[PDB]
Structure formats: structure tokens, C-alpha cells
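As stored in start17.cif (mmCIF, C-alpha atoms):
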```cif
data_my_file
loop_
_atom_site.label_atom_id
_atom_site.label_comp_id
_atom_site.auth_asym_id
_atom_site.auth_seq_id
_atom_site.Cartn_x
_atom_site.Cartn_y
_atom_site.Cartn_z
CA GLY A 1 150.65 40.14 -72.73
CA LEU A 2 150.61 38.71 -76.24
CA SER A 3 148.04 40.48 -78.43
CA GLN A 4 145.78 43.51 -78.69
CA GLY A 5 143.62 44.40 -75.64
CA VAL A 6 142.54 46.60 -72.77
CA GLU A 7 145.32 45.75 -70.31
CA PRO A 8 148.98 46.26 -71.34
CA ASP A 9 151.18 43.57 -69.91
CA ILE A 10 154.80 43.39 -71.15
CA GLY A 11 156.58 44.89 -74.17
CA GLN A 12 153.87 46.58 -76.20
CA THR A 13 150.89 44.21 -76.02
CA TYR A 14 148.08 43.37 -73.65
CA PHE A 15 146.22 40.01 -73.62
CA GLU A 16 146.10 36.96 -75.97
CA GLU A 17 142.54 38.11 -76.80
CA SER A 18 140.34 35.70 -78.69
CA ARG A 19 140.50 37.59 -82.07
CA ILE A 20 138.65 35.02 -84.29
CA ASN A 21 137.94 36.30 -87.84
CA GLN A 22 136.76 35.48 -91.34
CA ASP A 23 135.90 38.85 -92.88
#
```

Write-out of the structure in C-alpha cells:
Amino acid sequence: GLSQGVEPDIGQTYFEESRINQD
């Protein structure tokens, strides 16, 4: 994994989940 998610992958992160934001 690469970012925050449901499914932990390697290291400490999960998926590269599509976290698009503004505010």
C-alpha cells in the first residue's frame, strides 16, 4: 500500500486511495 484505506498492504499503509480534497 501507499495511503490511508481499508486494506493494509506493506509498512503502515493500505491503498493509494483517491483522496481528492479542497476543504

Given the PyMOL selection byres ((chain A and resi 18) around 10), the residues it picks as a list in words: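 Residues picked by the PyMOL selection byres ((chain A and resi 18) around 10): residues 3, 4, 5, 15, 16, 17, 19, 20 and 21 of chain A.
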
Expand the PyMOL selection byres ((chain A and resi 13) around 6) into the explicit residue set it covers here, and present it as a PyMOL selection string. chain A and resi 1-4+8+12+14

Kindly compute an axis-aligned box around the listed atoms of stretch 9-22 of chain A, allowing 6 Å on each side, and express its centre and edge lengths in Å to one decimal as AutoDock Vina command-line options.
```
--center_x 146.7 --center_y 40.8 --center_z -80.6 --size_x 31.8 --size_y 23.6 --size_z 33.4
```
